[PDB]
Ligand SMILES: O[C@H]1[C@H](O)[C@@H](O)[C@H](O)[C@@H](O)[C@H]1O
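Here we start with a single chain on its own, the form deposited without ligand INS, put down as structure tokens.
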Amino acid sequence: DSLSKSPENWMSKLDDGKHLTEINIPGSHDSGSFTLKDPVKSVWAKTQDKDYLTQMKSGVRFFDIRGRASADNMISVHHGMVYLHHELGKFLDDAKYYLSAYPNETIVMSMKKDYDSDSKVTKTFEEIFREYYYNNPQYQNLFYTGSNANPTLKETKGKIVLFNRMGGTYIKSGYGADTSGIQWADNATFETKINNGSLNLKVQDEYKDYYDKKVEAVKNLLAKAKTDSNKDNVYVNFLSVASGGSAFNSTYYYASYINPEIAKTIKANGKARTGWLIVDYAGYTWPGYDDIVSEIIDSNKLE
């Protein structure tokens, strides 16, 4: 059976000698927004409908968590100003559970501040993440704590690998875990060196594009990954796009065109390097269209 027919443990089927950068990994953009039910607000703030555990079951391994410091010991998951009805502990417990049940998968967790801290907060978002999550004895062993800048699948599986969008950090393991952090350019395709120059990060995050220009930006980066066998290069390609302006000009609406379109392209390419592709409505299927998550999964080679 091709890898996508068992999306719950597809990483277990790969060679764990690979660097995670070389693996083609599906991600979910604003992973935690499956909690939104308000139909007006969901048009622009809702980007998923499957919970964390279902996303993981359908094969998602890169989770995009953006949050807000809501107390000196607490981070809330958010889409900008919109609170997604749970705290970061919730994603961490679900991940731990999942990783316990499927011990040969790794999760990459992107952490970003999306909104101003509660007025009672006296500490930085980075400091609260570092002290009350990363170093919290409660989540002991959950995170990747190695000193490898380019970790392999063997040394991370069973664990969450931090992908640091918080700015400079005193955290020392995972991508961008140094006091420079990741220099992220707004609404752009860009490249920046991370981890004391060990890695070359290549990002297409043109989140305000109209869909047609989005496809073209997604494809351009896709075609760069294809012919790049450098393991020190890491590709992050966001399919997802901001809402257009009316009702039913929704992120869903665009994803329903972008996903099948990109999924088609990856499939026609066979087993080429794709990078990490971060999507809205991961695991949402339309009768008669290629599935983006499945196609990312199957683009990985098996030797």
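Numbering starts at 1 and follows the sequence shown.
For the pair 39-47 and 242-250, the mean B factor over Cα atoms is greater in 242-250. When the C-alpha B-factors of 78-86 and 221-229 are averaged, 221-229 comes out higher. Of the candidates 68, 29, 61, 264, it is 264 whose Cα B-factor is highest according to the PDB record. When the modelled residues of the chain are ordered by C-alpha B-factor, residue 126 sits in the lowest third. In the deposited entry, the Cα temperature factor of residue 179 sits in the bottom third of values across the chain's modelled residues. Annotation for residue 10: C-alpha temperature factor in the middle third relative to the rest of the modelled chain, per the entry. When the modelled residues of the chain are ordered by C-alpha B-factor, residue 234 sits in the middle third. Among the modelled residues of the chain, residue 167 sits in the middle third by CA temperature factor in this PDB entry.
What follows is about the form deposited with ligand INS bound, which we do not show.
Heavy atoms within 4.5 Å of ligand INS in the bound PDB entry are found in one stretch of 87-95, 152-160, 125-133, 203-211, which is 203-211. By the criterion of a heavy atom within 4.5 Å, residue 170 is excluded from the residues contacting ligand INS in the bound PDB entry. When contacts are judged by a 4.5 Å heavy atom cut-off, residue 29 counts as touching ligand INS in the bound PDB entry. For residue 66, a non-hydrogen atom is located within 4.5 Å of ligand INS in the bound PDB entry, even though that partner is not displayed. When contacts are judged by a 4.5 Å heavy atom cut-off, residue 224 does not count as touching ligand INS in the bound PDB entry. Taking a 4.5 Å heavy atom cutoff to ligand INS in the bound PDB entry, the one contacting residue in 97-113 is 112.
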